[PDB]
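Chemist: Sequence below, structure please.
(one chain, ligands or ions: 3)
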Amino acid sequence: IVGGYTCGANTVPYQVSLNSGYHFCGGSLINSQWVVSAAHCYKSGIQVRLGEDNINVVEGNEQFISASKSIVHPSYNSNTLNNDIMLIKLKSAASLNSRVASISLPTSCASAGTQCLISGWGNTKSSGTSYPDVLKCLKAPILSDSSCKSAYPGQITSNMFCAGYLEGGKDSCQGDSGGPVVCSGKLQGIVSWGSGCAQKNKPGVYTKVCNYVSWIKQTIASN
Ligand SMILES: C[C@H](NCc1ccc(C(=N)N)cc1O)C(=O)O
Ligand SMILES: [Ca+2]
Ligand SMILES: [Cu+2]
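Modeler: Residues are numbered from 1 along each chain as shown. Ligands and ions are numbered 1, 2, ... in the order given. What follows is the structure:
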């Protein structure tokens, strides 16, 4: 997260860290046994870490659970990043409490101008590399479809939306991938892609979760 602020220990209870000997992607807990993340975050040997703040220190409240299976959307296209969504089933159910809780799936899509909260342990610098120990937060608005498409001509599908600031200076970044974009208590987006980080006229692009609610529910029910 570039241009954000320190969230505060366990203030984002649904945020998860995907770990393979190091933090490589974010994710969101949607129920005691399932996590939603980005398809481009797929890899074998994933350990899901819940209840984290400082990812380099065991502070208490953490729950480390191995992923039993990862389900990348069947129509995911790695070249266009269309359908960049993945479901991860935990080997064992997580213990839900005030520090580890699930986030609700949307019942309808969010409109332009809606303020959302984006979080992650990704790079905090626009020009360079600097990974934080603690979770970072950023409040950002969903942009109009016209502004999104003018920023990324011919690259925005109906399963994507832009969020952030055109003036630059505030945006999600590498390492935030797969993380949550929560608006009014509902998970509306997944950190997917963008051009660089916090560059002017180049807002972040996110997977439009409201288009996948039926797919998520039907997939979870059959696994
Ligand atoms: C696909 C992945 N990039 C992810 C990615 C995520 C967020 C942003 C952003 N500015 N909001 C930019 C990115 O390039 C990667 O190349 O590792
Ligand atoms: Ca920790
Ligand atoms: Cu990238």
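
Chemist: who's in contact with the closest residue in space to residue 88 that isn't next to it in sequence?
Modeler: Leaving aside its sequence neighbours, residue 88 sits nearest to residue 35 (Cβ to Cβ, 6 or more residues apart in numbering; 4.3 Å). From N, CA and C alone the C-beta is placed, and that goes for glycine too. By Cβ atoms under 8 Å, 6 or more residues apart in numbering, residue 35 lies in contact with 16, 27-29, 48, 67, 87-88, 90.

Chemist: one more time with 10 Å, if that's ok
Modeler: 14, 16, 18, 26-29, 46, 48, 50, 65, 67, 70, 86-90, 94, 102, 178 (Cβ atoms under 10 Å, 6 or more residues apart in numbering).

Chemist: and if you look at residue 31?
Modeler: 90, 93-94, 96, 102-103, 105, 220.

Chemist: Report the beta-bridge partner residues of it.
Modeler: Residues in a beta bridge with residue 31, per DSSP bridges, are residue 34.

Chemist: do you know how far it is from ligand 1?
Modeler: According to Cβ to the nearest ligand atom, to the nearest Å, residue 31 stands 25 Å off from ligand 1.

Chemist: Please enumerate the strands of the protein.
Modeler: Applying DSSP state E to the chain gives strands spanning 5-6, 15-19, 23-31, 34-37, 47-50, 63-72, 86-90, 115-120, 136-141, 160-163, 180-183, 186-193, 204-208.

Chemist: Format the ones you listed as CSV; extra columns: distance to ligand 2.
Modeler: CSV is the format used below for those (distance: least, Cβ to the ion, whole Å):
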stretch, distance to ligand 2
strand 5-6, 14
strand 15-19, 9
strand 23-31, 10
strand 34-37, 17
strand 47-50, 8
strand 63-72, 10
strand 86-90, 18
strand 115-120, 15
strand 136-141, 15
strand 160-163, 28
strand 180-183, 18
strand 186-193, 21
strand 204-208, 26
